[PDB]
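**Q** Contents of input_14.csv (CSV, C-alpha atoms) are given next:
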```
chain,number,residue,atom,x,y,z
X,1,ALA,CA,6.8,1.2,14.5
X,2,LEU,CA,7.5,-2.3,13.2
X,3,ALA,CA,4.4,-2.2,10.9
X,4,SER,CA,5.5,1.3,9.6
X,5,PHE,CA,9.1,0.1,8.8
X,6,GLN,CA,7.8,-3.1,7.1
X,7,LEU,CA,5.7,-1.0,4.6
X,8,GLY,CA,8.3,1.7,4.3
X,9,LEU,CA,11.0,-0.6,2.9
X,10,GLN,CA,8.7,-2.1,0.3
X,11,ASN,CA,7.4,1.3,-0.7
X,12,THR,CA,11.0,2.6,-1.1
X,13,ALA,CA,12.1,-0.3,-3.2
X,14,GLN,CA,10.0,0.7,-6.3
X,15,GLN,CA,10.8,4.4,-5.8
X,16,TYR,CA,14.5,3.6,-6.0
X,17,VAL,CA,13.9,1.3,-9.0
X,18,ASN,CA,12.1,3.9,-11.0
X,19,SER,CA,15.0,6.4,-10.6
X,20,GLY,CA,17.7,3.9,-11.8
X,21,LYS,CA,19.7,4.0,-8.6
X,22,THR,CA,22.5,1.5,-8.4
X,23,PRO,CA,22.3,-1.5,-6.0
X,24,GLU,CA,24.9,0.1,-3.6
X,25,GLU,CA,22.7,3.1,-2.9
X,26,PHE,CA,19.8,0.7,-2.1
X,27,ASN,CA,22.0,-1.4,0.2
X,28,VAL,CA,23.3,1.5,2.2
X,29,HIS,CA,19.8,2.9,2.6
X,30,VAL,CA,18.6,-0.5,3.8
X,31,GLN,CA,21.4,-0.7,6.4
X,32,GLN,CA,20.9,2.8,7.6
X,33,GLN,CA,17.1,2.3,8.0
X,34,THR,CA,17.7,-1.0,9.9
X,35,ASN,CA,20.2,0.6,12.2
X,36,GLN,CA,17.7,3.3,13.4
X,37,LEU,CA,15.0,0.7,14.2
X,38,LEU,CA,17.5,-1.5,16.0
X,39,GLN,CA,18.8,1.4,18.1
X,40,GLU,CA,15.2,2.5,18.9
X,41,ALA,CA,14.3,-1.0,20.0
X,42,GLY,CA,17.0,-0.7,22.7
X,43,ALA,CA,14.8,1.7,24.8
X,44,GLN,CA,11.4,0.2,24.0
X,45,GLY,CA,12.2,-2.9,26.0
X,46,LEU,CA,15.3,-4.8,27.2
X,47,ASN,CA,15.6,-6.7,23.9
X,48,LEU,CA,16.4,-9.7,26.2
X,49,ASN,CA,16.6,-12.7,24.0
X,50,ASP,CA,13.3,-14.4,24.9
X,51,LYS,CA,10.6,-15.8,22.7
X,52,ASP,CA,8.8,-12.6,21.8
X,53,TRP,CA,11.9,-10.6,20.8
X,54,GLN,CA,13.2,-13.6,18.9
X,55,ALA,CA,10.0,-13.7,16.9
X,56,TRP,CA,10.3,-9.9,16.4
X,57,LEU,CA,13.8,-10.4,14.9
X,58,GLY,CA,12.6,-13.3,12.8
X,59,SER,CA,10.0,-11.0,11.2
X,60,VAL,CA,12.5,-8.2,10.8
X,61,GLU,CA,14.8,-10.5,8.8
X,62,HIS,CA,12.2,-11.5,6.2
X,63,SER,CA,11.0,-7.8,6.0
X,64,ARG,CA,14.4,-7.1,4.5
X,65,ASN,CA,14.7,-10.3,2.4
X,66,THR,CA,11.5,-9.7,0.6
X,67,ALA,CA,12.4,-6.2,-0.6
X,68,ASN,CA,15.9,-7.3,-1.5
X,69,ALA,CA,14.3,-10.0,-3.7
X,70,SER,CA,11.8,-7.7,-5.4
X,71,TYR,CA,14.4,-5.1,-6.3
X,72,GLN,CA,16.1,-7.4,-8.8
X,73,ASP,CA,13.0,-8.6,-10.6
X,74,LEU,CA,11.7,-5.0,-11.1
X,75,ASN,CA,14.9,-4.0,-12.9
X,76,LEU,CA,14.7,-7.3,-14.8
X,77,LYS,CA,11.3,-6.4,-16.2
X,78,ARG,CA,12.3,-2.8,-17.0
X,79,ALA,CA,15.4,-3.8,-18.9
X,80,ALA,CA,13.4,-6.1,-21.2
X,81,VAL,CA,10.8,-3.5,-21.8
X,82,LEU,CA,13.4,-0.9,-22.7
X,83,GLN,CA,15.2,-3.3,-25.0
X,84,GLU,CA,12.0,-4.1,-26.9
X,85,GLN,CA,11.3,-0.4,-27.4
X,86,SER,CA,14.8,0.4,-28.5
X,87,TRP,CA,14.7,-2.5,-31.1
X,88,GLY,CA,11.4,-1.1,-32.5
X,89,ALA,CA,13.0,2.4,-32.7
X,90,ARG,CA,15.9,0.9,-34.5
X,91,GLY,CA,13.6,-0.8,-37.0
X,92,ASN,CA,11.7,2.4,-37.8
X,93,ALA,CA,14.8,4.2,-39.2
X,94,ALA,CA,15.6,1.3,-41.6
X,95,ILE,CA,12.2,1.7,-43.3
X,96,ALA,CA,12.7,5.5,-43.3
X,97,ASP,CA,16.0,5.2,-45.1
X,98,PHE,CA,14.6,2.6,-47.5
X,99,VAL,CA,11.8,4.9,-48.5
X,100,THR,CA,14.2,7.9,-48.8
O,1,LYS,CA,20.6,-0.2,31.6
O,2,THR,CA,22.6,1.3,28.7
O,3,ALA,CA,25.4,-1.2,29.2
O,4,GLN,CA,23.1,-4.1,28.9
O,5,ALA,CA,21.1,-2.6,26.0
O,6,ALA,CA,24.3,-2.0,24.0
O,7,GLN,CA,25.3,-5.7,24.3
O,8,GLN,CA,21.9,-6.9,23.2
O,9,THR,CA,21.7,-4.6,20.2
O,10,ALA,CA,25.2,-5.6,19.2
O,11,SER,CA,24.3,-9.3,19.4
O,12,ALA,CA,21.2,-8.6,17.3
O,13,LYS,CA,23.2,-6.9,14.6
O,14,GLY,CA,25.8,-9.7,14.7
O,15,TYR,CA,23.0,-12.3,14.2
O,16,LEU,CA,21.5,-10.4,11.4
O,17,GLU,CA,24.8,-10.0,9.6
O,18,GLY,CA,25.9,-13.6,10.2
O,19,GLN,CA,22.6,-15.2,9.1
O,20,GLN,CA,23.5,-14.7,5.4
O,21,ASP,CA,26.7,-16.8,5.7
O,22,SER,CA,25.1,-20.2,6.4
O,23,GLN,CA,23.7,-22.6,3.8
O,24,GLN,CA,20.5,-21.4,2.1
O,25,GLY,CA,22.1,-18.0,2.4
O,26,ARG,CA,25.0,-18.5,0.1
O,27,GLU,CA,22.8,-19.9,-2.7
O,28,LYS,CA,20.8,-16.7,-2.6
O,29,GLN,CA,23.9,-14.7,-3.4
O,30,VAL,CA,24.5,-16.9,-6.5
O,31,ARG,CA,21.0,-16.1,-7.7
O,32,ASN,CA,21.5,-12.4,-7.2
O,33,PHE,CA,24.8,-12.5,-9.2
O,34,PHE,CA,23.4,-14.0,-12.3
O,35,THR,CA,20.3,-11.7,-12.2
O,36,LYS,CA,22.7,-8.7,-12.2
O,37,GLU,CA,24.4,-10.0,-15.4
O,38,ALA,CA,21.0,-10.4,-17.1
O,39,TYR,CA,19.6,-6.8,-17.5
O,40,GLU,CA,23.0,-5.1,-17.5
O,41,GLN,CA,23.5,-6.2,-21.1
O,42,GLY,CA,20.0,-5.4,-22.2
O,43,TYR,CA,20.6,-1.9,-21.0
O,44,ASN,CA,23.7,-1.6,-23.1
O,45,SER,CA,22.0,-3.0,-26.2
O,46,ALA,CA,19.1,-0.5,-25.8
O,47,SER,CA,21.5,2.4,-25.2
O,48,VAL,CA,23.5,1.6,-28.4
O,49,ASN,CA,20.4,1.0,-30.6
O,50,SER,CA,18.7,4.2,-29.4
Q,1,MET,CA,-54.9,6.5,25.8
Q,2,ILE,CA,-55.7,10.2,25.5
Q,3,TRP,CA,-53.4,11.6,28.1
Q,4,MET,CA,-50.1,10.4,26.6
Q,5,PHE,CA,-50.4,12.8,23.6
Q,6,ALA,CA,-50.7,15.9,25.8
Q,7,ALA,CA,-47.0,16.9,25.5
Q,8,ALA,CA,-47.1,16.5,21.7
Q,9,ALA,CA,-50.3,18.5,21.4
Q,10,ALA,CA,-48.9,21.3,23.6
Q,11,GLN,CA,-45.8,21.5,21.5
Q,12,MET,CA,-47.8,21.5,18.3
Q,13,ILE,CA,-50.0,24.4,19.4
Q,14,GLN,CA,-47.2,26.8,18.8
Q,15,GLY,CA,-46.7,25.8,15.2
Q,16,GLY,CA,-50.2,27.0,14.1
Q,17,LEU,CA,-50.0,30.4,15.7
Q,18,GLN,CA,-46.7,31.3,14.0
Q,19,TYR,CA,-48.1,30.2,10.6
Q,20,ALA,CA,-50.8,32.8,11.0
Q,21,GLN,CA,-48.6,35.6,12.0
Q,22,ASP,CA,-46.4,35.4,8.9
Q,23,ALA,CA,-49.5,35.9,6.7
Q,24,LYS,CA,-50.4,39.1,8.5
Q,25,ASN,CA,-46.8,40.3,8.5
Q,26,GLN,CA,-46.5,39.9,4.7
Q,27,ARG,CA,-49.9,41.3,4.1
Q,28,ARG,CA,-49.3,44.5,6.0
Q,29,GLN,CA,-46.6,45.5,3.5
Q,30,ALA,CA,-44.0,48.9,-1.2
Q,31,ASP,CA,-41.4,48.6,1.5
Q,32,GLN,CA,-40.1,45.4,-0.1
Q,33,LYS,CA,-37.9,47.6,-2.2
Q,34,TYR,CA,-36.1,49.0,0.8
Q,35,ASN,CA,-36.1,45.6,2.5
Q,36,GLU,CA,-34.4,43.8,-0.3
Q,37,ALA,CA,-31.4,46.2,-0.5
Q,38,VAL,CA,-30.5,45.4,3.2
Q,39,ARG,CA,-30.0,41.7,2.5
Q,40,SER,CA,-28.4,42.4,-0.9
Q,41,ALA,CA,-25.8,44.5,0.8
Q,42,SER,CA,-25.3,42.4,3.9
Q,43,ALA,CA,-24.6,39.3,1.8
Q,44,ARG,CA,-21.5,40.8,0.2
Q,45,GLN,CA,-20.1,41.9,3.6
Q,46,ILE,CA,-20.8,38.5,5.1
Q,47,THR,CA,-19.1,36.8,2.2
Q,48,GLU,CA,-16.1,39.1,2.5
Q,49,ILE,CA,-15.8,38.4,6.2
Q,50,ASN,CA,-16.1,34.6,5.6
Q,51,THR,CA,-13.4,34.8,2.9
Q,52,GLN,CA,-11.1,36.8,5.3
Q,53,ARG,CA,-11.7,34.2,8.0
Q,54,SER,CA,-10.8,31.5,5.5
Q,55,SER,CA,4.2,8.0,20.0
Q,56,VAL,CA,1.4,6.0,18.3
Q,57,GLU,CA,-0.9,8.6,16.8
Q,58,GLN,CA,1.7,9.5,14.2
Q,59,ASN,CA,2.9,6.0,13.3
Q,60,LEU,CA,-0.7,5.0,12.7
Q,61,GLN,CA,-1.1,7.8,10.1
Q,62,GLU,CA,2.2,6.9,8.5
Q,63,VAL,CA,1.1,3.3,8.3
Q,64,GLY,CA,-2.2,4.3,6.7
Q,65,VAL,CA,-0.5,6.5,4.0
Q,66,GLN,CA,2.1,3.8,3.2
Q,67,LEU,CA,-0.5,1.1,3.0
Q,68,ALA,CA,-2.5,3.2,0.5
Q,69,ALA,CA,0.7,3.7,-1.5
Q,70,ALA,CA,1.5,0.0,-1.5
Q,71,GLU,CA,-1.9,-0.9,-2.7
Q,72,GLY,CA,-1.6,1.6,-5.5
Q,73,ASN,CA,1.8,0.2,-6.4
Q,74,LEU,CA,0.6,-3.4,-6.6
Q,75,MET,CA,-2.1,-2.0,-8.9
Q,76,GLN,CA,-0.6,-0.9,-12.2
Q,77,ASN,CA,1.8,-3.8,-11.8
Q,78,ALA,CA,-0.8,-6.6,-11.9
Q,79,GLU,CA,-1.9,-5.2,-15.2
Q,80,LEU,CA,1.2,-6.2,-17.1
Q,81,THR,CA,1.0,-9.7,-15.7
Q,82,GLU,CA,-2.6,-9.9,-16.9
Q,83,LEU,CA,-1.2,-9.9,-20.5
Q,84,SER,CA,1.2,-12.8,-20.0
Q,85,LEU,CA,-0.4,-15.0,-22.7
Q,86,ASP,CA,0.0,-12.3,-25.3
Q,87,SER,CA,2.9,-9.9,-24.5
Q,88,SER,CA,5.9,-12.4,-25.0
Q,89,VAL,CA,7.3,-10.3,-22.2
Q,90,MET,CA,6.8,-12.4,-19.1
Q,91,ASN,CA,7.7,-15.1,-21.6
Q,92,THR,CA,11.2,-13.8,-22.3
Q,93,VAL,CA,11.3,-13.1,-18.5
Q,94,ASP,CA,10.0,-16.5,-17.5
Q,95,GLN,CA,12.8,-18.1,-19.7
Q,96,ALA,CA,15.4,-16.2,-17.7
Q,97,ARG,CA,13.7,-17.1,-14.4
Q,98,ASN,CA,13.7,-20.8,-15.2
Q,99,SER,CA,17.3,-20.7,-16.5
Q,100,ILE,CA,18.6,-19.1,-13.4
Q,101,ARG,CA,16.5,-21.1,-10.9
Q,102,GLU,CA,17.8,-24.5,-12.0
Q,103,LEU,CA,21.1,-23.9,-10.2
Q,104,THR,CA,7.9,-30.0,-7.8
Q,105,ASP,CA,5.3,-31.3,-5.3
Q,106,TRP,CA,4.0,-28.1,-3.7
Q,107,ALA,CA,2.2,-29.9,-0.9
Q,108,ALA,CA,5.5,-31.4,0.3
Q,109,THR,CA,7.1,-28.0,0.8
Q,110,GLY,CA,4.2,-26.7,2.9
Q,111,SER,CA,4.3,-29.6,5.3
Q,112,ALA,CA,8.1,-29.3,5.6
Q,113,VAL,CA,7.8,-25.6,6.6
Q,114,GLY,CA,4.8,-26.1,8.9
Q,115,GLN,CA,6.5,-28.9,10.9
Q,116,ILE,CA,9.0,-26.4,12.3
Q,117,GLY,CA,7.1,-23.1,11.7
Q,118,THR,CA,6.9,-21.7,15.3
Q,119,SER,CA,10.5,-22.6,16.3
Q,120,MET,CA,12.8,-21.4,13.5
Q,121,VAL,CA,14.5,-18.7,15.5
Q,122,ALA,CA,14.8,-20.9,18.6
Q,123,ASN,CA,16.4,-23.6,16.6
Q,124,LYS,CA,18.7,-21.3,14.7
Q,125,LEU,CA,20.3,-19.8,17.9
G,1,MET,CA,-31.9,-16.1,-5.9
G,2,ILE,CA,-33.2,-13.3,-3.7
G,3,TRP,CA,-30.1,-13.4,-1.4
G,4,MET,CA,-27.7,-12.4,-4.2
G,5,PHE,CA,-29.1,-8.8,-4.5
G,6,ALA,CA,-29.0,-7.9,-0.8
G,7,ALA,CA,-26.0,-5.6,-1.1
G,8,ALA,CA,-27.4,-3.9,-4.2
G,9,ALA,CA,-30.7,-3.3,-2.5
G,10,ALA,CA,-28.9,-1.9,0.6
G,11,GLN,CA,-26.9,0.5,-1.6
G,12,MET,CA,-30.0,1.5,-3.5
G,13,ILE,CA,-32.0,2.4,-0.3
G,14,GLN,CA,-29.8,5.4,0.3
G,15,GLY,CA,-30.5,6.9,-3.1
G,16,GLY,CA,-34.3,7.1,-2.5
G,17,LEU,CA,-34.1,8.8,0.9
G,18,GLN,CA,-32.0,11.8,-0.1
G,19,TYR,CA,-33.9,12.2,-3.4
G,20,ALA,CA,-37.0,12.9,-1.3
G,21,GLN,CA,-35.1,14.9,1.4
G,22,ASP,CA,-33.5,17.3,-1.1
G,23,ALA,CA,-36.9,18.2,-2.5
G,24,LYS,CA,-38.3,19.0,0.9
G,25,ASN,CA,-35.5,21.5,1.5
G,26,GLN,CA,-36.4,23.7,-1.5
G,27,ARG,CA,-40.0,24.0,-0.5
G,28,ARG,CA,-38.9,25.4,2.8
G,29,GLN,CA,-37.3,28.5,1.2
G,30,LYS,CA,-33.4,32.7,-1.9
G,31,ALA,CA,-31.8,35.8,-3.4
G,32,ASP,CA,-29.0,35.7,-0.9
G,33,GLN,CA,-27.9,32.3,-2.1
G,34,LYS,CA,-27.5,33.5,-5.6
G,35,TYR,CA,-25.0,36.2,-4.6
G,36,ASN,CA,-22.6,33.7,-3.0
G,37,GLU,CA,-22.3,31.7,-6.2
G,38,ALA,CA,-21.3,34.9,-8.1
G,39,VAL,CA,-18.6,35.6,-5.5
G,40,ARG,CA,-17.4,32.0,-6.2
G,41,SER,CA,-16.0,33.4,-9.5
G,42,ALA,CA,-13.2,34.9,-7.4
G,43,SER,CA,-12.0,31.4,-6.6
G,44,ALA,CA,-12.0,30.7,-10.3
G,45,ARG,CA,-10.0,33.9,-10.8
G,46,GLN,CA,-7.7,32.8,-7.9
G,47,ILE,CA,-7.3,29.4,-9.6
G,48,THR,CA,-6.9,31.4,-12.8
G,49,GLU,CA,-3.6,32.8,-11.6
G,50,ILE,CA,-1.9,29.5,-11.8
G,51,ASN,CA,-4.0,28.7,-14.9
G,52,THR,CA,-3.1,32.0,-16.5
G,53,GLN,CA,0.6,31.4,-15.8
G,54,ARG,CA,0.2,28.1,-17.7
G,55,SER,CA,20.0,8.1,-20.9
G,56,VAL,CA,17.5,6.3,-23.2
G,57,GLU,CA,14.3,8.3,-22.8
G,58,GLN,CA,15.8,11.4,-24.2
G,59,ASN,CA,17.0,9.5,-27.3
G,60,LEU,CA,13.5,8.0,-27.7
G,61,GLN,CA,11.8,11.4,-27.6
G,62,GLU,CA,14.4,12.8,-30.1
G,63,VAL,CA,13.8,9.8,-32.4
G,64,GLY,CA,10.0,10.4,-32.3
L,1,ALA,CA,6.4,-11.6,-2.3
L,2,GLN,CA,4.6,-13.9,-4.8
L,3,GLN,CA,4.4,-11.1,-7.4
L,4,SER,CA,8.1,-11.9,-8.0
L,5,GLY,CA,7.5,-15.7,-8.3
L,6,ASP,CA,8.9,-16.7,-4.9
L,7,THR,CA,6.3,-18.7,-2.8
L,8,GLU,CA,8.8,-19.7,-0.1
L,9,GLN,CA,9.3,-16.1,1.0
L,10,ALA,CA,5.5,-15.8,1.2
L,11,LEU,CA,5.3,-18.8,3.4
L,12,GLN,CA,8.1,-17.5,5.6
L,13,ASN,CA,6.3,-14.1,5.9
L,14,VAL,CA,3.0,-15.9,7.0
L,15,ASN,CA,4.9,-18.0,9.5
L,16,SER,CA,6.6,-14.9,10.9
L,17,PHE,CA,3.3,-13.3,11.8
L,18,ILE,CA,1.7,-16.5,13.1
L,19,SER,CA,4.6,-17.1,15.4
L,20,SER,CA,4.8,-13.5,16.5
L,21,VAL,CA,1.1,-13.6,17.5
L,22,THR,CA,1.4,-17.0,19.2
L,23,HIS,CA,4.2,-16.1,21.7
L,24,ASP,CA,2.8,-12.7,22.8
L,25,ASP,CA,1.9,-12.7,26.5
L,26,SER,CA,-0.2,-9.5,26.7
L,27,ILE,CA,-3.3,-11.0,25.1
L,28,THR,CA,-5.8,-13.7,26.2
L,29,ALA,CA,-6.3,-17.1,24.6
L,30,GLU,CA,-9.5,-16.2,22.8
L,31,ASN,CA,-7.9,-13.2,21.1
L,32,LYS,CA,-5.0,-15.4,20.0
L,33,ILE,CA,-7.5,-17.8,18.4
L,34,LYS,CA,-9.4,-14.9,16.8
L,35,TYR,CA,-6.4,-13.2,15.2
L,36,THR,CA,-5.0,-16.5,14.0
L,37,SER,CA,-8.3,-17.7,12.4
L,38,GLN,CA,-8.9,-14.3,10.8
L,39,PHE,CA,-5.4,-14.1,9.3
L,40,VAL,CA,-5.4,-17.7,8.1
L,41,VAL,CA,-8.8,-17.2,6.4
L,42,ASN,CA,-7.7,-13.9,4.8
L,43,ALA,CA,-4.6,-15.6,3.5
L,44,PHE,CA,-6.5,-17.9,1.1
L,45,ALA,CA,-8.4,-15.0,-0.5
L,46,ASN,CA,-5.2,-13.5,-1.9
L,47,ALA,CA,-3.7,-16.5,-3.6
L,48,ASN,CA,-3.4,-15.9,-7.4
L,49,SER,CA,-2.7,-19.5,-8.6
L,50,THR,CA,-3.7,-23.1,-8.0
L,51,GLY,CA,-0.2,-23.9,-6.9
```
Mind turning the file's structure into structure tokens?
**A**
Amino acid sequence: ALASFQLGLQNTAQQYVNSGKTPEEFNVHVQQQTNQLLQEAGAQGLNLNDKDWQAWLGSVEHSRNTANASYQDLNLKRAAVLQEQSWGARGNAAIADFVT
Amino acid sequence: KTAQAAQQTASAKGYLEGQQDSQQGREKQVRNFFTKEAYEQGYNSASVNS
Amino acid sequence: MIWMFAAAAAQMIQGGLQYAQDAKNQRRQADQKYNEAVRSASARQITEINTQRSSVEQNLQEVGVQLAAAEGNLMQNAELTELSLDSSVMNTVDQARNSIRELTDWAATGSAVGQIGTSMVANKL
Amino acid sequence: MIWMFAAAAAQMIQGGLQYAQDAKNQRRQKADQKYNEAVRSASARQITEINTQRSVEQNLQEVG
Amino acid sequence: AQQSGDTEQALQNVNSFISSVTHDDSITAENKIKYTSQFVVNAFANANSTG
């Protein structure tokens, strides 16, 4: 279950980026996904704060931090790409009008 | 069993939520804030030009 | 030895006899015209019948599918980075990255993390 | 160096075996096989049913 | 993690798995050595820069 969740968050990050969803919709999704795993962990063991479960929580934290970091950079790249394309499109019309 | 499990899961949630308040957690928020202001104007420029 | 090939010889005797029987069976035949139609018709019916007839163990499959998707995603993203020296995007982006990160000896960082690697959560609590 | 080509040789071994084994199959046999291929045209017809039936991005397409 | 230009997160991710493997009690010592050695060796093969 832990391995599946770790990959699921990262895979969902780019899917949300491609659709132009706002950060709030990503944050609510992240919280909802984390809550289910945390609740499920309550039956698959006592979650007693010993070394193994502490390490489990430590991994879970970074599993969220990494996706939260990548989500910003993906949009940062996309915005620059779109800006360059729009600036080229704006320059085409100037030559069109000059010729006309 | 359920009574003890509830306390443990609540403590885990509290730790996860409080970890982002200490140092090395606040500076991450500052980085996120500026990054948001970066592409949010490129989007506007592209939308106007198109 | 001569007596350790007896089983092989006995099994190979039967091959020769059949090979001779087929020759006689084919030579005793213009019934081939009638014979062909039977197969020509049975093939269609056989084809029609065939056409008519035509926990952990789940998390593992989910993990496999998501891993394949993640590999695909990292591909098609590495390609843009490959062009960094030419695009000028990943240059305009690197400018912003550096500008925002200013708010080193790499070997020093690794030692600092390693010195407390396996006790971070224990120390935090 | 001989040891650089080990993987290439190992991959090339498989090609030779099935090249000889496919030839052996044909010598051991035919009309019934041809009929099945013709029936396969039905699948093409079945696939022919679908085949027979056959805010910045918007601005960019319009501009083009 | 490093595709976004953040090495520290990559180091934290590596340490998280190493420490998760170390503290488990359901496996023997030789398996602990094997998994750690394999992961450490595999980690070098994926670095994309000299830093």
**Q** Could you write out as a PyMOL selection string the residues of chain Q within 9 Å of chain X, counting only C-alpha atoms?
**A** chain Q and resi 56+59-60+62-64+66-67+69-70+73+89-90+92-93+118-122
**Q** Those selected residues, please, written with C-alpha atoms and delivered as a PDB file, in the frame of the given file.
**A**
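Listing of again-v9.pdb after writing:
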```
ATOM      1  CA  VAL Q  56       1.400   6.000  18.300  1.00  0.00           C
ATOM      2  CA  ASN Q  59       2.900   6.000  13.300  1.00  0.00           C
ATOM      3  CA  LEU Q  60      -0.700   5.000  12.700  1.00  0.00           C
ATOM      4  CA  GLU Q  62       2.200   6.900   8.500  1.00  0.00           C
ATOM      5  CA  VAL Q  63       1.100   3.300   8.300  1.00  0.00           C
ATOM      6  CA  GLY Q  64      -2.200   4.300   6.700  1.00  0.00           C
ATOM      7  CA  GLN Q  66       2.100   3.800   3.200  1.00  0.00           C
ATOM      8  CA  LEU Q  67      -0.500   1.100   3.000  1.00  0.00           C
ATOM      9  CA  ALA Q  69       0.700   3.700  -1.500  1.00  0.00           C
ATOM     10  CA  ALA Q  70       1.500   0.000  -1.500  1.00  0.00           C
ATOM     11  CA  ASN Q  73       1.800   0.200  -6.400  1.00  0.00           C
ATOM     12  CA  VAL Q  89       7.300 -10.300 -22.200  1.00  0.00           C
ATOM     13  CA  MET Q  90       6.800 -12.400 -19.100  1.00  0.00           C
ATOM     14  CA  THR Q  92      11.200 -13.800 -22.300  1.00  0.00           C
ATOM     15  CA  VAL Q  93      11.300 -13.100 -18.500  1.00  0.00           C
ATOM     16  CA  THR Q 118       6.900 -21.700  15.300  1.00  0.00           C
ATOM     17  CA  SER Q 119      10.500 -22.600  16.300  1.00  0.00           C
ATOM     18  CA  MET Q 120      12.800 -21.400  13.500  1.00  0.00           C
ATOM     19  CA  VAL Q 121      14.500 -18.700  15.500  1.00  0.00           C
ATOM     20  CA  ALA Q 122      14.800 -20.900  18.600  1.00  0.00           C
TER      21      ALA Q 122
END
```
**Q** Within 12 Å of residue 61 (chain X), counting all atoms listed in the file, which residues show up once you throw out same-chain ones fewer than 2 positions away? Write them as a ChimeraX atom specification, please.
**A** /X:2,6,30,34,38,54-59,63-68 /O:12-13,15-20 /Q:121 /L:9,12-13,16
**Q** Near region 29-46 of chain O, counting only C-alpha atoms, which residues have an atom at most 9 Å away, once you skip same-chain residues fewer than 6 positions from it, shown as a PyMOL selection string?
**A** (chain X and resi 69+72-73+75-80+82-87) or (chain O and resi 20) or (chain Q and resi 96-97+100-101+103) or (chain G and resi 56)
**Q** What are the residues of chain L that have an atom within 7 Å of an atom of chain Q, counting all atoms listed in the file, as an MDAnalysis selection string?
**A** chainID L and resid 15 19 51
**Q** Using only C-alpha atoms, which of the listed residues (X:29, X:20, X:42, X:98) sits closest to chain G?
**A** X:20
**Q** Could you write out as JSON, numbers by chain the residues of chain G within 9 Å of chain O, counting all atoms listed in the file?
**A** {"G": [55, 56, 57, 59, 60, 63]}
**Q** Taking all atoms listed in the file into account, which of X:19, X:48, X:24, X:36 comes nearest chain G?
**A**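 Counting all atoms listed in the file, the residue closest to chain G is X:19.
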**Q** Closest to chain G among X:92, X:22, X:100, X:44, using all atoms listed in the file?
**A** X:92
**Q** Tell me, in Å to one decimal, how far CA of residue 7 (chain O) is from CA of residue 22 (chain O).
**A**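 Separation of CA of residue 7 (chain O) and CA of residue 22 (chain O): 23.0 Å.
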**Q** What does the distance from CA of residue 23 (chain L) to CA of residue 112 (chain Q) come to in Å, to one decimal?
**A**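 Rounded to one decimal, the two atoms are 21.2 Å apart.
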**Q** Suppose you want the space between CA of residue 84 (chain Q) and CA of residue 21 (chain X); what is it in Å?
**A**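 Between CA of residue 84 (chain Q) and CA of residue 21 (chain X) the gap is 27.5 Å.
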**Q** Considering only C-alpha atoms, extract the chain G residues located within 9 Å of chain Q and return them as a tab-separated table (two decimals) with C-alpha atoms, in the coordinates of the input.
**A**
```
chain	number	residue	atom	x	y	z
G	31	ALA	CA	-31.80	35.80	-3.40
G	32	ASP	CA	-29.00	35.70	-0.90
G	33	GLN	CA	-27.90	32.30	-2.10
G	35	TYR	CA	-25.00	36.20	-4.60
G	36	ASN	CA	-22.60	33.70	-3.00
G	39	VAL	CA	-18.60	35.60	-5.50
```
**Q** What are the residues of chain L that have an atom within 12 Å of an atom of chain X, counting only C-alpha atoms, as a tab-separated table (two decimals) with C-alpha atoms, in the coordinates of the input?
**A**
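Final output, selection.tsv:
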```
chain	number	residue	atom	x	y	z
L	1	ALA	CA	6.40	-11.60	-2.30
L	2	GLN	CA	4.60	-13.90	-4.80
L	3	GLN	CA	4.40	-11.10	-7.40
L	4	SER	CA	8.10	-11.90	-8.00
L	5	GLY	CA	7.50	-15.70	-8.30
L	6	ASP	CA	8.90	-16.70	-4.90
L	7	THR	CA	6.30	-18.70	-2.80
L	8	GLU	CA	8.80	-19.70	-0.10
L	9	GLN	CA	9.30	-16.10	1.00
L	10	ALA	CA	5.50	-15.80	1.20
L	11	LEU	CA	5.30	-18.80	3.40
L	12	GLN	CA	8.10	-17.50	5.60
L	13	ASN	CA	6.30	-14.10	5.90
L	14	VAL	CA	3.00	-15.90	7.00
L	15	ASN	CA	4.90	-18.00	9.50
L	16	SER	CA	6.60	-14.90	10.90
L	17	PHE	CA	3.30	-13.30	11.80
L	18	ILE	CA	1.70	-16.50	13.10
L	19	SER	CA	4.60	-17.10	15.40
L	20	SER	CA	4.80	-13.50	16.50
L	21	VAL	CA	1.10	-13.60	17.50
L	22	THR	CA	1.40	-17.00	19.20
L	23	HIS	CA	4.20	-16.10	21.70
L	24	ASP	CA	2.80	-12.70	22.80
L	25	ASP	CA	1.90	-12.70	26.50
L	26	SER	CA	-0.20	-9.50	26.70
```
